[PDB]
């Protein structure tokens, strides 16, 4: 029969320590994409983020919008603006990230650095430079 569950404070009291995962932040994955073409990406841990992300990118409209899809323990957040998609994936267990505020800062720095060259580039054409920018916003 399954073992008891007790509060950890019953062993260590009120100073029981707290887990801070993923640097204190909820975003595991972010991409800049145009339609199904990913221009830049960054993962904060290992996961099969790409495959499902492309599935979403292929189904969503290209009109301006903002939306969150939920699945299991994750939320997939995006802003689409001028056919360009800014997307990030959050882990529901982790400490609160302001997903839309991050995507907005990402978009701004992407629109500034590249602007409408995003409209044209090959898959991954900005990955080397912009990846570390994605890692640094956060």
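Numbering follows the first chain given and starts at 1.
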{"property": "Comparing 111-119 with 12-20, the one whose average Cα B-factor in the PDB entry is higher", "result": "111-119"}
{"property": "Stretch exceeding the other in mean C-alpha B-factor - 99-107, 70-78", "result": "99-107"}
{"property": "Largest Cα B-factor, entry values, listed residues 37, 55, 90, 64", "result": "64"}
{"property": "CA B-factor placement of residue 50, once the chain's modelled residues are sorted into thirds", "result": "middle"}
